[PDB]
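**Student:** Chains as they are written, first to last, in the UniProt record's numbering: chain U, 120 to 170; chain S, 376 to 426.
Idealized CB from N, CA, C, for every residue including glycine.
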Ligand SMILES: *[C@@H]1O[C@H](CO)[C@@H](O)[C@H](O)[C@H]1NC(C)=O
C-alpha cells in the first residue's frame, strides 16, 4: 500500500521525528549494510533501527 | 381629479411567468438512500482520498 502511505505523509506536511527510549534487551541495535553507505562506511535508515 | 388603478392582466402575466420558473426550480428533488461515507474516523489513504 505504497500509495496510501505517500498520500498521508504528504497531507501531514511534517517529517518531524521524535525519538523514544525503546528498551531492546538481548538484541544487537543499529545494523548497517553495504548498499546504504553513509559517510565513511556502512549506514542505516536514519529513522529505523535494525535488530 | 387624481386616481390610481392597477392592471390585472399585466400583473398576472408576470406572476404566471415567475410561478412557472418557481416550479421549475423546486421540482422533483433527488432521492438518495445508501450512498458512500463522507466523514471518516481515521486515515485510510487511497480509497478515502477518492471518497
Ligand atoms: C527532529 O525532531 C525534533 C524537532 O522538533 C527534535 O527534537 C529532533 O532532535 C530532530 N532531529 C533531527 C535529526 O533533526
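When a residue counts only if its C-beta is closer than 6 Å to some heavy atom of ligand 1, which residues count, in chain order?
**Tutor:** U:135, U:136, U:137
**Student:** Inspect the CB distances between the region 410-422 of chain S and the region 124-138 of chain U and report whether three or more fall short of 8 Å.
**Tutor:** yes
**Student:** Return the first residue and the last residue of the beta strand (DSSP E) that residue 153 (chain U) is part of.
**Tutor:** Translated into the one-based positions of the first chain, residue 153 (chain U) becomes position 34. Element bounds for residue 153 (chain U): 152-157.
**Student:** If contact means a Cβ-Cβ distance below 8 Å, which residues of the region 122-148 of chain U contact chain S?
**Tutor:** From the region 122-148 of chain U, only 122, 123, 124, 126, 127 have a Cβ closer than 8 Å to chain S.
**Student:** Which residues in the same chain have their Cβ closer than 7 Å to the Cβ of residue 135 (chain U), if we skip the five residues on either side of it in sequence?
**Tutor:** Position 16 of the first chain, counted from the first residue, corresponds to residue 135 (chain U). Excluding sequence neighbours, residue 135 (chain U) sits near nothing in its chain.
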